[PDB]
Amino acid sequence: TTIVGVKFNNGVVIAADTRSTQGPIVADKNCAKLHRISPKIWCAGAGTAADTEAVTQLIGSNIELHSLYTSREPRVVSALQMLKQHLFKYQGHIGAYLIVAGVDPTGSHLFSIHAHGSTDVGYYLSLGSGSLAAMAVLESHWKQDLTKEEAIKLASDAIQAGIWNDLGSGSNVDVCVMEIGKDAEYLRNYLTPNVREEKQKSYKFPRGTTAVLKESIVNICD
Amino acid sequence: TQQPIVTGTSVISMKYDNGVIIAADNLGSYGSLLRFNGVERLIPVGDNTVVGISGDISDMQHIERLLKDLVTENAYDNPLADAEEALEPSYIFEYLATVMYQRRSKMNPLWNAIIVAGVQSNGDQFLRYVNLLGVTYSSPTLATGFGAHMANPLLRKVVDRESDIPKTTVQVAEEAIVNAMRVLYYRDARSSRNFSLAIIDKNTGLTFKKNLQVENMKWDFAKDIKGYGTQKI
Amino acid sequence: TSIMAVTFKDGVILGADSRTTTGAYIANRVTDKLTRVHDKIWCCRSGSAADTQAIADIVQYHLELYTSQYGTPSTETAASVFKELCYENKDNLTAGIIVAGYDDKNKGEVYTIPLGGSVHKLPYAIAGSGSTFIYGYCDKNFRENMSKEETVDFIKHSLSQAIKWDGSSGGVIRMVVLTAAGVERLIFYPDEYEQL
Amino acid sequence: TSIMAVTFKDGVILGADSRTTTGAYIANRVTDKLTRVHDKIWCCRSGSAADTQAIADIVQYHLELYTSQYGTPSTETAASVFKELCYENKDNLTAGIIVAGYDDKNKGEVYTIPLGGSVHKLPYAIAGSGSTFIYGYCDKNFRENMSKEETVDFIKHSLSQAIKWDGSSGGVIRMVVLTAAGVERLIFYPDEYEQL
Amino acid sequence: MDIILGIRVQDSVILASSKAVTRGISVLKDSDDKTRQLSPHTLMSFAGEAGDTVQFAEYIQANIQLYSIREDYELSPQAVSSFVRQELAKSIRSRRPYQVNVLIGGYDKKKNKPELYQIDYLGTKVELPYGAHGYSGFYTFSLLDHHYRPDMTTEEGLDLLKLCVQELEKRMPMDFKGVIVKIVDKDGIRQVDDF
Amino acid sequence: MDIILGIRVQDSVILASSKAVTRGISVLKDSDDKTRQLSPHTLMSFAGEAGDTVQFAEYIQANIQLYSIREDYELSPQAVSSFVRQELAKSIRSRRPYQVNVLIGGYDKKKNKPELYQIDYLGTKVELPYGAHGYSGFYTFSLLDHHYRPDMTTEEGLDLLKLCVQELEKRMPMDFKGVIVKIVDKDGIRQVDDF
Amino acid sequence: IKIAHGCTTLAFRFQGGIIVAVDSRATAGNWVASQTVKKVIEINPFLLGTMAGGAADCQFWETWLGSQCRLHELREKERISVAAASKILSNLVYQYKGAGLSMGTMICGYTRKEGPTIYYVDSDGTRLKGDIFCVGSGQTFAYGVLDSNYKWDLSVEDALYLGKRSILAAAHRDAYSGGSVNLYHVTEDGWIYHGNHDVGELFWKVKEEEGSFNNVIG
Amino acid sequence: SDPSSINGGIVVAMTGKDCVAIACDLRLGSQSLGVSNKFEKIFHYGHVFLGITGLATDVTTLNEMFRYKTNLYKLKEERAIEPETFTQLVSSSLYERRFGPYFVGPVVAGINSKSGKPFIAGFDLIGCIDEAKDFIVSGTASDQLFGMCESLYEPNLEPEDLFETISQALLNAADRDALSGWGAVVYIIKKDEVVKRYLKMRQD
Amino acid sequence: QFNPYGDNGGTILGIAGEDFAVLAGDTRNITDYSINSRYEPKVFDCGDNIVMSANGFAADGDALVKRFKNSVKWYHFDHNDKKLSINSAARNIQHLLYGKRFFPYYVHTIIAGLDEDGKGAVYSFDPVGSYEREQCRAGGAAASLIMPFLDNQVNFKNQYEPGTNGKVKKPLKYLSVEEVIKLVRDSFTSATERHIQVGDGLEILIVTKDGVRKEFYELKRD
Ligand SMILES: *[C@@](C)(CO)[C@](*)(O)[C@H](CC(C)C)NC(=O)[C@H](Cc1ccccc1)NC(=O)[C@H](CC(C)C)NC(=O)[C@H](CCc1ccccc1)NC(=O)CN1CCOCC1
Ligand SMILES: *[C@@](C)(CO)[C@](*)(O)[C@H](CC(C)C)NC(=O)[C@H](Cc1ccccc1)NC(=O)[C@H](CC(C)C)NC(=O)[C@H](CCc1ccccc1)NC(=O)CN1CCOCC1
Ligand SMILES: *[C@@](C)(CO)[C@](*)(O)[C@H](CC(C)C)NC(=O)[C@H](Cc1ccccc1)NC(=O)[C@H](CC(C)C)NC(=O)[C@H](CCc1ccccc1)NC(=O)CN1CCOCC1
Ligand SMILES: [Cl-]
Ligand SMILES: [Cl-]
Ligand SMILES: [Mg+2]
Ligand SMILES: [Mg+2]
Ligand SMILES: [Mg+2]
Ligand SMILES: [Mg+2]
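Method-wise, the PDB entry is recorded as coming from X-ray crystallography, at a reported resolution of 2.90 Å.

A.B. asks: Teacher, can you tell me more about the overall build of chain C here?
C.D. replies: When its secondary structure is counted, chain C shows 5 helices and 12 strands. What you see for chain C is a C-alpha radius of gyration of 16 Å, in line with the 16 Å of a compact globule of 196 residues. Buried residues in chain C amount to 59% of all 196 residues. The long-range fraction of contacts in chain C, counting pairs at least 24 apart against all pairs at least 6 apart in sequence, stands at 61%. For chain C, the exposed surface amounts to about 7400 Å²; the carbon and sulfur share of it is 47%. Taking the 19 positively charged and 24 negatively charged side chains of chain C as two groups, their mean positions are separated by 2 Å.

A.B. asks: What am I meant to see in the pattern of salt bridges here?
C.D. replies: Should the charged atoms of two oppositely charged side chains come close, the side chains can pair. Throughout the structure, instances matching the rule amount to 97 salt bridges over all chains. The closest approach of N and O atoms between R41 of chain B and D25 of chain B, which form a salt bridge, is 3.1 Å. Here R41 of chain B is found in the loop between β5 (33–36) and β6 (42–44), whereas its partner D25 of chain B is found in strand β3 (residues 19–25), with 16 residues between them in sequence. Here the two residues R41 of chain B and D25 of chain B agree in accessibility, since each one is buried. Measuring nitrogen to oxygen at the nearest pair gives 3.8 Å for the salt bridge that ties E218 of chain I to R161 of chain B. Here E218 of chain I is found in strand β12 (residues 211–218), whereas its partner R161 of chain B is found in the loop between α3 (145–156) and α4 (170–187) on a different chain. A network of salt bridges, in which partner residues are shared, links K29 of chain A, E150 of chain H together with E193, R194 and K220 of chain I.

A.B. asks: Before we go on, may I ask you to explain the coordination of the magnesium ion (ligand 8) in this structure?
C.D. replies: Reference values for angles at a metal are 109.5 degrees in the four-donor tetrahedral case and 90 or 180 degrees in the six-donor octahedral case. Within the first shell, the magnesium ion (ligand 8) binds the protein through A171 of chain G (O), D174 of chain G (O) and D204 of chain H (O), at distances of 2.3 to 2.4 Å. Considered together, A171 of chain G and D174 of chain G belong to a single accessibility category, that of buried residues.

A.B. asks: In this structure, what is going on with the site of ligand 1? I would like to understand it.
C.D. replies: Close contacts around ligand 1 come from 19 residues, with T1, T21, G47, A49 and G168 of chain A the closest. Surrounding ligand 1 are residues belonging to chains A and H, so the site spans chains. In the environment of ligand 1, a nitrogen atom lies 3.0 Å from a nitrogen or oxygen atom belonging to the backbone of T21 of chain A. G47 of chain A places a main-chain nitrogen or oxygen 2.9 Å from a nitrogen atom of ligand 1. Calculation on ligand 1 without its partners gives an accessible area of 1000 Å², and the protein chains cover 71% of this total.

A.B. asks: Help me out: how do you make sense of the coordination of the magnesium ion (ligand 6) in this one?
C.D. replies: With distances of 2.6 to 2.7 Å, the protein atoms coordinating the magnesium ion (ligand 6) are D51 of chain D (OD) and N92 of chain D (O). Taken together, the residues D51 of chain D in helix α1 (residues 49–70) and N92 of chain D in the loop between α2 (75–88) and β7 (95–102) connect sequence positions 41 residues apart.

A.B. asks: Help me out: how do you make sense of the pairing of strand β2 (residues 11–16) of chain A in this one?
C.D. replies: It is a general feature of regular strands that their side chains alternate between the two faces of the sheet. All names here are of chain A. Buried residues dominate β2, accounting for 6 of its 6 residues. Of the two faces of β2, the one holding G11, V13 and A15 and the one holding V12, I14 and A16 are both buried throughout. Bridge count between strand β1 (residues 3–8) and β2: 6 bridges; the pairing is antiparallel. The partner of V6 across the bridge, within β2, is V13.

A.B. asks: Whenever I open this one, the interface of chain A and chain I confuses me. Can you help?
C.D. replies: As a measure of interface size, the accessible area lost when the parts come together is often cited. The interface is formed by 33 residues belonging to chain A together with 33 residues belonging to chain I. Of the roughly 2800 Å² buried between chain A and chain I, counting both surfaces, carbon and sulfur atoms make up 52%. Between the two partners, chain A and chain I, sit 3 salt bridges. Across the pair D222 of chain I and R19 of chain A runs a salt bridge, and its minimum N-O distance is 3.2 Å. Summed over the shared surface of chain A and chain I, the number is 17 residue pairs in polar contact. Of all elements in the fold, only β4 (25–28) and α4 (148–165) of chain A reach the threshold of two or more residues within the side of chain A that touches chain I. A per-element tally of the side of chain A that touches chain I places β4 of chain A first, with 4 residues. Residue composition of the side of chain A that touches chain I, by class: 12 nonpolar, 12 polar and 9 charged.

A.B. asks: Explanation requested: the sheet that holds strand β7 (residues 100–108) of chain F in the structure shown.
C.D. replies: Residues and elements named next belong to chain F. Strand order in the open sheet formed by 5 strands is β5-β6-β7-β8-β9, and the pairing between neighbours is antiparallel. Strand pairing shows two members of the sheet lacking a second neighbour, β5 (35–39) and β9 (125–127), which therefore form its edges. Adjacent strand axes in the sheet meet at a mean angle of 20° when their direction is disregarded. Strands in contact with helix α1 (residues 52–71) are β5, β6 (42–48) and β7; relative to β5, the strand with the most contacts, it is inclined by about 15°.

A.B. asks: Explain the nonpolar core to me, please; I cannot follow it from the model alone.
C.D. replies: Counting 103 residues, the largest nonpolar core has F12 and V20 of chain G together with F86 of chain H as its most contacted members. At 8 residues, the largest contribution of residues to this core is made by helix α4 (residues 156–173) of chain G. Setting aside residues up to four positions removed in sequence, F86 of chain H forms contacts with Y45, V48, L50, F66, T70, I81 and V108 of chain H.

A.B. asks: Would you mind showing me how to read the interface of chain A and chain H here?
C.D. replies: On the chain H side, the residues contacting the 35 residues of chain A number 37 residues. At the boundary of chain A with chain H, the tally comes to 5 salt bridges. One salt bridge in this structure joins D222 of chain A and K74 of chain H, with 2.8 Å as the shortest N-O distance. Inspection of the chain A/chain H interface yields 18 residue pairs in polar contact. The biggest single contributor to the side of chain A that touches chain H is strand β13 (residues 212–218) of chain A, with 7 residues. Here β13 of chain A pairs with strand β12 (residues 194–199) of chain H via 6 bridges, running antiparallel. In the strand pairing of β12 of chain H, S216 of chain A is matched with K196 of chain H.

A.B. asks: Can you walk me through α4 of chain B in this structure?
C.D. replies: Since the α-helix packs 3.6 residues into each turn, any two residues three or four apart lie on the same face. In a regular helix each residue adds 1.5 Å, so 18 residues correspond to 26 Å; α4 of chain B covers 26 Å between its end C-alpha atoms and thus fits that length. Counting buried positions along α4 of chain B yields 13 of 18 residues, so the element is predominantly enclosed.

A.B. asks: Can you help me understand the environment of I188 of chain H in this one?
C.D. replies: Residue and element names in this part refer to chain H. Along the polypeptide, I188 turns up in strand β11 (residues 184–189). For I188 and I166, which are 22 residues apart along the polypeptide, the C-alpha to C-alpha distance reads 9.8 Å. Setting aside anything within four residues of it in sequence, one finds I188 in contact with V20, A21, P159, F163, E193, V194, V195 and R197.

A.B. asks: Just checking my understanding: could you explain the packing of helix α1 (residues 55–76) of chain G against helix α2 (residues 86–98) of chain I for this structure?
C.D. replies: The relative placement of two packed helices is expressed as an angle between their axes plus a distance between the axes. Close contact between α1 of chain G and α2 of chain I brings their axes to 11 Å; oriented N to C, the two are set at 120°. Judged by the angle between their axes, α1 of chain G and α2 of chain I are oblique. Between α1 of chain G and α2 of chain I lies a crossing of left-handed hand. Across the interface between the two elements, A56, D57, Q59, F60 and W61 of chain G from α1 of chain G touch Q94, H95 and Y98 of chain I from α2 of chain I.

A.B. asks: Could you clarify how one ought to interpret the UniProt feature "active site" in chain C in this entry?
C.D. replies: Residues and elements named next belong to chain C. Those residues carrying the UniProt feature "active site" are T1 in this numbering. The topology assignment puts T1 in the segment before β1 (3–7). Its relative accessible area of 18% is what places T1 among the buried residues. Within polar-contact distance, the side chain of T1 engages the side chain of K33 at 2.8 Å.

A.B. asks: Would you take a moment to explain the sheet that holds strand β10 (residues 132–136) of chain G for this structure?
C.D. replies: Adjacent strands of a sheet form backbone hydrogen bonds with each other and so pair up, either parallel or antiparallel. Residues and elements named next belong to chain G. The antiparallel open sheet is built from 5 strands, whose spatial order is β10-β1-β2-β11-β12. Taken across any chain shown, the strands that pair with only one partner, and hence form the sheet edges, are β10 and β12 (190–198). Each neighbouring strand pair of the sheet contributes to a mean axis angle of 10°, computed without reference to strand direction. One ladder, built from 5 bridges, connects strand β2 (residues 17–22) with strand β11 (residues 180–187); its direction is antiparallel. Within β11, the position partnered with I19 by the bridge is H185. Along the sheet face, α4 touches β1 (8–14), β2, β11 and β12 and points at about 155° away from the line of β1.

A.B. asks: I would appreciate a short explanation of the environment of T179 of chain D in the present structure.
C.D. replies: Residues and elements named next belong to chain D. Note that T179 resides in strand β11 (residues 173–179). The class of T179 is buried, set by a relative accessible area of 12%. Spatially, the C-alpha atom of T179 lies 8.7 Å from that of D104, the residues being 75 residues apart in sequence. With sequence-adjacent residues up to four places away left out, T179 is seen in contact with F8, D10, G11, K40 and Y102.

Scoring rules and cut-offs
- Residues numbered from 1 in each chain as written, not as in the entry; some residues may be left out.
- Chains lettered and ligands numbered in written order.
- Part of a larger assembly, values for the part shown.
- Heavy atoms only, no water.
- Helix = DSSP H or I, 4+ residues; strand = E, 2+ residues; numbered from the N terminus.
- Rg over C-alpha atoms; globule rule 2.2 N^0.38 Å.
- Buried < 20%, exposed > 50% of the residue type's maximum accessible area, 1.4 Å probe, protein only.
- Contact = heavy atoms within 4.5 Å.
- Areas by Shrake-Rupley, 256 points an atom, 1.4 Å probe, with all protein chains shown as cover.
- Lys, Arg positive; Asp, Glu negative; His and termini not counted.
- Charge placed at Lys NZ, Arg CZ, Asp CG, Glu CD.
- Salt bridge = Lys/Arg side-chain N within 4 Å of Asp/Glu carboxyl O.
- Donors = N, O, S within 2.8 Å, 3.2 Å for Na, K, Ca; no water.
- Near = heavy atom within 4 Å.
- Polar contact = N/O pair within 3.5 Å; in protein donor to acceptor, adjacent residues only side chain to side chain.
- Pairing = 2+ DSSP bridges.
- Buried area = accessible area lost by both parts, 1.4 Å probe.
- Nonpolar A, V, L, I, M, F, W, Y, C, P; charged D, E, K, R; others polar.
- Axes fitted to C-alpha atoms, helices over the stretch in contact; angles between N-to-C directions.
- Core = buried A, V, L, I, M, F, W, Y, C linked by side-chain atoms within 4.5 Å.
- Expected span 1.5 Å × (residues − 1).
- Parallel < 35°, antiparallel > 145°, perpendicular 65-115°, else oblique.
- Left-handed = near helix turned anticlockwise from the far one by under 90°.
- UniProt positions renumbered as here; feature names shortened; annotations may be inferred.

Listed below in structure tokens is the structure:
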């Protein structure tokens with residue numbers, strides 16, 4: 001994976017590629033790595049695919065119950081604290097590397113969590129196999145006082161660096177923008193720069209090509 | 001079977017319209033200790049080739065001596081040693097590439113990653129990589145160590161394929177290299193601020209720049225970063 | 001890491017670099033290793049980022065609960081809570097912590113807690129990978145009852161050398177001043193400290 | 001070991017402790033790690049006692065045979081012979097050697113040869129287990145073109161700290177002065193240097 | 001423990017199980033019956049780790065016999081095989097798993113059909129016309145593929161089985177001291193005394 | 001390779017050697033003669049690592065045959081056994097030693113006495129009334145201790161040998177496919193075809 | 001990478017000479033590298049060798065054997081014996097013992113002085129003369145069919161089928177055997193090739209005509 | 001001793017125009033030894049189909065487990081479970097055994113009875129969901145199946161055409177895998193009819 | 001400890017027609033998750049209408065090609081400029097590979113050209129020299145993906161004549177150079193989608209009696 005997070009004027013934006021690997025094989029060419037913890041707290045995930053999904057859903061569930069219990073919108077630090085303490089308890093065996101971001105009554109926030117439970121604060125962050133390709137772009141082009149449109153551009157450029165230069169990353173760019181005082185907009189497949197070219201030939205077989213031994217109607221009804 | 005002791009980090013390089021640029025910092029690390037600071041890891045051979053070497057420094061110095069001796073040997077009984085029968089980058093590379101693979105095949109490698117940058121006699125740019133395994137490859141941008149992971153992505157935004165080379169000037173190319181060196185200083189724990197840069201142009205020839213420093217760095221935003229999540233002070 | 005804490009006339013000052021590493025990659029170049037466990041009791045963190053954070057969070061919780069019942073805790077008390085965690089979980093922890101605080105009675109105090117979990121009260125303390133390179137310098141240059149400006153210069157010069165030689169240390173030099181006046185944060189950038 | 005060599009105005013001075021260890025036992029507390037390979041070319045020995053002696057003996061032989069044919073060798077030449085042995089036999093050697101000598105043309109020169117077998121010409125050099133603790137101190141306090149007395153104080157203070165912190169270093173501080181005047185041996189005992 | 005075979009024919013299931021018990025360089029016994037009657041019309045043979053085999057077999061036997069008494073009814077071979085599979089399927093993820101492989105030969109009285117089930121120590125169940133565990137299969141399966149017919153009689157099955165034992169006795173490295181053969185049919189379980 | 005035995009009686013030496021050749025889970029051959037005639041009145045059986053056994057046996061055979069031609073004279077069993085021991089004694093400290101154990105049965109024509117020598121792969125020679133290599137000894141030695149007499153006839157020796165093979169066939173784990181028996185006496189070497 | 005390890009091969013003596021039968025599959029783990037591998041090396045017009053274990057080791061050294069046999073008959077003005085030919089190979093691999101060669105082979109021939117002769121040769125130095133041999137991952141399956149049906153007085157037609165059927169038996173059960181069956185018949189005047197037989201088509205053909213494999217639905 | 005490749009086997013699922021197809025081989029072996037040519041790897045709970053590759057004992061166990069859970073689901077919900085919901089149930093159940101997992105590669109296939117939308121999904125052994133428009137592959141010849149499917153597949157295939165594509169994908173993939181084959185089954189699934197076809201393939 | 005081998009990834013493919021033969025291979029060179037070159041050719045014209053590729057560890061691949069090219073040169077010197085036939089070249093390569101049996105060239109070698117009857121020929125080698133002539137062979141990282149597709153489309157495996165009850169097979173026939181290139185291009189675009197080490201570019205070398213022609217095609221760069 002490649003995943004990033006970039007702070008801007010009135011909020012925060014996160015982005016991710018959409019490649020899912022199994023050894024050297026691309027298992028999913030368009031998987032979703034951006035996860036909704038709460039309506040305005042979103043999470044980019046790298047590492048063990050099941051773990052990033054499971055841990056983000058569990059904390060997201062507990063956050064929802066907490067929000068209902070306290071009659072308050074949930075805070076990013078709550079998700080951060082709950083995620084890190086869970087991961088730390090499992091001593092890195094839950095291989096989830098997360099970029100946590102969102103807006104809450106306190107303001108806009110951007111954090112990263114590693115599998116062993118350490119957290120980091122920053123204006124721009126990147127995680128995953130293609131984090132070095134992404135971070136190179138971020139270190140080259142990031143500045144203070146970014147606008148919304150500038151932060152999206154910088155974030156998607158950082159993902160692209162990973163897509164092209166890292167074999168662990170590829171396909172499309174997903175983005176989620178979390179601005180203060182507005183609804184969070186999830187931009188699924190924000191960029192699709194890896195469209196498959198038309199095949200040279202149709203491999204539609206003549207009907208009857210496959211040799212058949214038996215046929216039978218299967219009963220699905222009661 | 002070796003283990004590298006005193007080591008040099010990334011060597012980065014790229015092609016541009018009239019020639020090639022190569023750069024490497026002046027550090028000789030001893031593990032985590034940043035032991036030696038006056039180490040030159042770019043070594044010119046003649047006025048048309050520069051060999052950039054990373055990895056073990058004792059083995060680098062051995063390669064220096066081999067190249068120095070190669071120039072001497074080429075001059076013997078050679079009236080055209082400073083003309084038609086001068087050492088080409090391709091000759092120098094192939095020689096090293098032969099040595100690297102022979103040494104890996106004897107299970108006693110020269111623990112290095114080498115990039116040979118230069119300009120051929122016909123004006124063609126030469127840029128090719130070789131390492132301890134005898135593995136070779138060529139590309140519009142080449143980098144070793146961390147440079148491969150961080151520099152190449154940045155340099156490939158300038159020259160992504162062959163057709164981008166005539167479109168890239170020496171000003172633009174040098175800017176990208178110097179920028180890459182800054183990024184490596186931010187992010188490579190075995191890098192130094194001081195570095196050397198070399199340009200081999202088909203018109204202006206070899207320009208060797210020493211004692212360069214990374215500058216125009218962004219550190220101010222650090223003051224705003226407090227704690228690791230919940231801390232406010 | 002390179003970290004240190006130094007007592008002086010008016011109180012105590014904590015100092016640290018800002019480098020976090022994964023092998024030879026710098027995961028974070030602007031890390032804050034100086035962290036608050038109480039109003040005027042802070043600590044310097046070296047070793048595992050995860051372990052030291054987990055520990056510091058627990059200590060902050062303990063000292064907050066202490067304060068609710070028994071009022072402000074001593075710097076010694078804070079160091080004891082750190083020790084208890086580090087000692088009892090020594091098999092599963094990689095944390096080298098320096099505890100530093102300001103009482104009005106006891107003035108500036110510094111306690112260092114190495115890997116084993118042992119406690120050592122000192123006039124000043126140094127720790128982290130880069131501290132090895134400045135034992136000589138710090139021992140020769142440390143004086144008791146220094147002024148604020150002298151202590152800031154002592155830490156700045158010391159960590160500058162630690163950073164210069166240790167690849168595992170770098171970035172900015174953060175500092176936190178603990179006195180009767182209050183809590184002051186200081187930062188010093190490469191362009192200043194490198195050419196000292 | 002803790003060893004160093006420092007160039008100055010009149011020439012060069014080599015310095016060393018006198019501790020040889022087997023684990024934590026001190027096999028010899030009065031060792032002479034400063035050894036002559038030629039009249040005014042000496043070396044500091046760190047690492048294996050057996051390897052460094054074997055190497056030094058071979059170098060002395062080579063330089064004696066050089067002198068019989070081609071006259072007095074340069075300090076660079078001596079360092080090249082050390083390198084050749086250390087580099088070509090890197091797999092079977094544990095030797096960290098500092099070569100130091102005095103020419104009349106080239107004045108004082110210092111070459112350091114670490115484990116790999118690489119050569120590094122420097123104004124001054126430090127090496128051995130205890131050198132880690134004085135990188136900070138030595139960098140801050142070294143100046144070029146020092147006087148004899150200043151250079152002796154620099155080495156004495158430096159090795160004093162190295163000894164103080166390194167368990168693998170101790171005993172007396174031996175020194176050898178190389179100038180146009182000749183060769184002078186110096187010794188400094190614990191009672192003097194410890195309380196510096 | 002080594003050789004256990006099974007052949008389901010038209011009207012019966014035949015189980016052949018080696019008589020040898022070897023420990024180290026000594027054949028301690030040459031008349032060992034590697035089977036337990038789970039119910040009047042259900043027989044289970046077994047092979048694997050020493051101790052585990054008998055301990056498991058008797059544990060299953062007890063459980064099935066307990067069921068029989070409680071319900072005054074005989075469980076079908078399919079039902080017994082599923083119970084056995086589940087026990088092994090639990091076992092494999094235990095602290096110390098049962099390293100036992102079994103064949104379950106039974107005659108279903110409701111269906112009037114013989115049934116042969118092969119279950120390994122992992123809990124891998126398969127219904128087969130002929131089965132084997134261990135290295136035995138490597139010789140017999142190909143031999144049975146060739147000579148086996150689904151409409152064979154019990155006598156034809158015994159001749160087919162003799163052909164397998166002969167091949168094993170020729171090409172197997174170890175002396176397994178012959179086999180005890182048992183037949184499971186509509187009339188229950190009986191042993192062939194002369195083989 | 002596994003079972004090789006030897007019995008020296010009054011007027012002859014009898015060698016019994018298993019016929020099986022096993023590789024993996026397959027008995028590749030059941031009629032293998034694990035012996036070579038070194039000279040008209042000297043026979044060597046062998047057992048050990050595959051390939052090494054035959055390669056060593058034939059190498060010794062060649063050397064003894066070369067000696068016979070050169071001197072037009074047959075070496076004594078004692079002399080041959082010493083030559084064989086030395087070859088193995090060299091071998092054990094080589095880069096790749098011969099892992100071969102041998103029995104040397106011979107009839108000394110000058111002494112008019114049968115002689116049995118046991119030599120292992122290390123080069124450890126002993127003259128014995130009866131010998132064995134491998135696990136065979138663990139059963140036979142005690143049996144021979146009891147029943148063996150020094151003045152036995154060749155026919156009494158063969159009966160004693162049958163008693164050993166029967167015991168091995170009963171208690172040995174592996175099927176060694178019987179033995180080839182050979183007799184060495186004043187009239188030379190001959191094979192017992194029905195055993 | 002892993003290198004090719006194509007196996008089921010057999011060879012048996014009978015009245016009409018020798019039958020040699022092999023499968024065609026070569027594998028690298030679970031991956032089927034080739035279904036069309038030639039596992040019978042035609043050493044020369046009179047000698048055959050079988051391929052099991054290391055594909056390269058068997059190929060390289062059995063063509064090398066054909067060179068040594070040719071040099072023998074040039075110098076001795078006479079056909080090389082099967083005994084001699086097999087021993088040239090077994091002595092060679094014995095020199096390489098320990099180095100890691102992997103070979104299970106049948107050297108098959110028919111000469112005047114010997115008649116039909118088969119020698120099993122092994123990379124650990126074993127050299128065995130015999131009437132029936134079966135080598136490979138599916139050898140046990142092929143043995144079962146061979147042992148129950150073998151007689152010395154088989155016809156050339158029936159012997160050829162028995163060899164074909166024994167490979168089929170192994171190709172079915174053994175996962176690492178299959179592809180196709182290659183048949184050879186060795187006579188005194190040389191070997192005669194009896195075609196390539198795809199197992200996919202041969203299985204259904206045999207099932208119907210023979211009535212066997214009732215366990216499988218067709 | 002690699003649980004996922006002891007028994008061997010493969011499953012593949014595809015989508016078409018208003019239909020889905022799921023197919024599997026019939027082999028069950030013990031490494032090199034082929035043991036059964038009748039071992040079906042596709043099961044169904046109502047109109048939701050589940051294929052499972054990997055360690056056979058777990059394939060059996062999980063089938064029995066999802067039958068168990070879908071039966072209780074139906075009794076309480078008073079309706080058949082849908083593919084989307086079942087997919088989540090499979091994921092939950094697998095991740096429950098995170099640090100002691102079933103060694104399997106399950107594949108869900110079916111048509112949602114309310115919307116009529118074709119649905120397929122794959123999982124890793126610890127329950128990570130892999131949803132796909134086109135196709136899902138699983139088993140010891142997954143690499144082969146990926147290669148076959150990626151080249152042969154095209155969108156919006158009619159049930160009869162889709163049958164040919166999925167069958168050829170499975171067959172040719174299986175023939176390049178030693179531990180797969182020995183017969184094959186293909187399920188063609190339309191909105192309210194399901195056809196099951198046994199394929200003729202090489203038996204080696 | 002020093003490991004003398006490495007994996008440079010990539011994948012190659014050889015197909016033989018009636019009067020022609022193609023040897024294709026992607027132009028991507030990698031180590032771990034990094035791209036070294038997007039255009040590093042590994043299919044070479046070796047003279048005498050022989051094209052060759054040694055995919056796997058590039059250092060060993062380049063050494064082998066270099067040695068074979070040299071073998072072709074010395075074959076001309078020693079045998080009066082005789083043309084090296086594809087079968088003779090194959091046997092020669094076996095000896096090159098097996099020469100290093102106990103320290104192998106970690107490469108899957110494929111050569112292509114025309115046999116002495118003028119017909120298309122492809123030979124494939126394992127790392128230690130076992131070789132075989134075939135109509136069809138894929139080699140390298142994505143060989144497991146491409147090869148079964150080739151069985152189906154080149155050799156018409158598992159394809160029966162419609163309506164013949166799976167009794168009559170689809171008849172074998174030679175493919176045209178146009179049809180073969182279509183299969184090559186589709187094989188590589190498919191492999192690029194699902195294998196991370198395959199992409200960037202595709203270089204095909206076509207061998208007819210007229211000589212050796214080249215064709216290049218872009219591949220996805222992610
Ligand atoms: C980039 C793309 C990594 O290169 C990203 O970091 C993504 C994160 C996204 C998907 C959220 N990571 C992956 O795609 C991740 C890479 C990976 C692989 C293995 C360990 C850690 C990370 N891939 C996966 O997690 C896949 C998800 C599949 C394709 C749906 N899962 C696997 O590869 C699992 C590994 C599961 C696992 C178990 C125990 C510890 C750690 C991980 N492997 C298998 O399924 C392989 N095998 C199948 C046969 O049965 C045995 C298991
Ligand atoms: C200096 C750097 C050293 O003393 C300082 O002490 C700082 C302290 C600050 C950050 C509070 N220490 C580190 O930066 C610390 C160094 C370290 C590493 C391992 C054990 C102890 C100390 N770095 C970390 O803890 C990083 C921070 C992450 C990247 C945010 N974590 C890792 O490097 C993890 C730690 C896993 C671990 C191992 C052993 C004990 C505890 C935790 N390691 C990896 O992810 C492994 N990595 C995989 C990629 O290949 C390189 C190795
Ligand atoms: C300081 C101490 C470290 O840098 C100095 O460098 C000095 C250099 C001077 C003496 C020239 N170094 C030592 O004193 C050196 C330390 C050392 C040890 C091992 C390897 C490298 C360096 N000490 C020695 O060489 C002693 C001197 C003997 C006692 C006179 N030798 C040993 O300790 C031997 C060495 C064996 C050896 C191991 C590996 C490489 C080379 C040589 N070790 C033992 O006898 C083992 N001993 C057995 C009793 O239990 C404790 C271990
Ligand atoms: Cl931190
Ligand atoms: Cl000494
Ligand atoms: Mg030594
Ligand atoms: Mg001391
Ligand atoms: Mg098979
Ligand atoms: Mg990429």
